[PDB]
C-alpha cells in the first residue's frame, strides 16, 4: 500500500525566511513521527493560502538531506470564509504498511486546532 500523510502549519509574516522555516519545521516533524525514508515517497504536494506570496513552500524540501529526488509541486489552497489565514498544508504519499488509522498527521503553529 502507499498512503497519504497530511500536515499543516501557519506562518506569522509572509516572508521567504518565515515560509521556508515553518515549512521545513513541518516536514521534519512528519518525517520524525512516521519514520519516512526519502525513497519511499512517491510524491508530495504542498498548498498555500492565497495571502502567501513571497516563496514557494516546496523550496523547503530541498533543505532536507537526501530529498533531492522526491517529486514535489505546489498548488493553491481554496479561499474559504473563516478559514485559517497564512496556512501551508502538505500531502505526502509514501509506501507503507502502517494502518490508515495509525498514520501520524502533523498539525503545527496555529493549525494545532486540528
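Numbering follows the first chain given and starts at 1.
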{"item": "9 to 17 set against 87 to 95, stretch whose average Cα temperature factor tops the other in the entry", "value": "9 to 17"}
{"item": "Entry-level comparison of average CA B-factors, 18 to 26 and 100 to 108, reporting the higher stretch", "value": "18 to 26"}
{"item": "Highest-ranked of 43, 65, 49, 36 once sorted by CA temperature factor in the record", "value": "65"}
{"item": "Deposited CA B-factor, highest of 78, 54, 75, 61", "value": "61"}
